[PDB]
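As a starting point, one isolated chain is supplied in structure tokens, in the form deposited in one PDB entry.
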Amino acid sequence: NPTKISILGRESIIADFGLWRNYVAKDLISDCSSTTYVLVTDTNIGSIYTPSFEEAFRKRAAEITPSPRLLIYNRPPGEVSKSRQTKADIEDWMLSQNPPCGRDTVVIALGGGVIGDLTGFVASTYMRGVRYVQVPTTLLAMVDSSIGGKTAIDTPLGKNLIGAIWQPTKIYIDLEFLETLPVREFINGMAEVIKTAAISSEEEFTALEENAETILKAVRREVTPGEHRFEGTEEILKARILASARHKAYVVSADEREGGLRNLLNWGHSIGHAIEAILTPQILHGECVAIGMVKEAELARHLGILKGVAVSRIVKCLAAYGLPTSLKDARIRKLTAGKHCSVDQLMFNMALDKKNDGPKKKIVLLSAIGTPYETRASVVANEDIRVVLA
């Protein structure tokens, strides 16, 4: 049946196959009663999933009277969509409706982290606040980006510098979206799953190690007209996803506004974001996170917290999934046409890390696979950060 998970004192998370088709529209109209619904997505995703949804919506809004309206917004692909410019356009668009979208509006985010963050933020400030639901269409979004309530946009100086923490009213993890998820996006998302396990369960980490091959091959294996990309390994997949979703719910519920515990969910992101700011959009987020976790593991070991054995073990599991494990990686080179990451440019970007307490940089340190050094980010001197950035 539909697996449900509670977050911040509430059953907002609902995962299962084909929710988009027969559930969302129904649930929206009952639980999220409103007169105006706005669906935000991009051109790729949209032309595939909005058509059938418009129908399921119309079917359900026939119940109501006066019947509610679903407005649809479609825009350009990539991380380019996460800017002040873009957020403004969605807003100008909403206000310019007839009538304009009021505080009753219910925004629907249908995409990965870009459409999720953008949409979540647009809602947090729209007339000071309107509800929205997350409809993750990418593995990375189902396991991490659509949960937590964290939203933002990017500025020329770094990742997610401006934004807000606005909790979504509903989160629909429709595994069925993975059926069309490109191979890279899948491996890309896989980084967050491994991350969550590496800071929570050693068992879950091992389980991820063992599933590496089976999964990665089902993702590359070509799929025929009438079967599922995840035949055979359907539950295994649901277990890996739920595991990460559930733990984030646990971490977010206990420290929603990142006062302490929520720092942990940022393992690999301190160096990761520093990298990303320089390699994006050529290098995806999950890709930059893998390299980040390895660099952070190395530092943990450098400081005597982590074990050499655990560090190399992290590496293996990442590479097992097709994730890059070093800024030197071949493709990371062919893709990053030119671009390079000096320790200076990196250190500079890490100065903009949203965890730094004042000038004291803070990074998540692992003492062993599935066990954090502290229940918060550890203050790490700049010289130490520099060495592990060889």
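Don't overthink the numbering: it's just position in the shown sequence, from 1.
Annotation: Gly358 belongs to the positions left without coordinates in at least a third of the other compared entries, with flanking residues modelled. Note: missing coordinates for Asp92 occur in none of the other compared entries bracketing this position, so the one-third threshold is not reached.
Set 343 to 351 against 44 to 52 and average the Cα temperature factors; 44 to 52 ends up higher. Note on 74 to 82 vs 141 to 149: mean CA B-factor is higher in 74 to 82. Comparing the listed residues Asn356, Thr325, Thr36, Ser67, the entry records the largest Cα B-factor for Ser67. For the set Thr371, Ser12, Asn382, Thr375, the PDB entry assigns the largest Cα B-factor to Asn382. For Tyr172, the recorded CA B-factor ranks within the middle third of the chain. Only modelled residues enter the ranking.
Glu209 sits in the middle third of its chain by CA B factor, as recorded in the PDB entry. Placement of the Cα temperature factor of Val223 within the chain: highest third of the modelled residues, per the deposited record.
In this PDB entry, the Cα temperature factor of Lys360 sits in the middle third of its chain's modelled residues. Sort the chain's modelled residues by C-alpha temperature factor and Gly120 lands in the middle third, per the entry.
Keep in mind that the form deposited in another entry is not shown, yet the notes after this line are about it.
Treated as two rigid bodies moving between this form and the one not shown, the chain carries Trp267 and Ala164 on opposite bodies.
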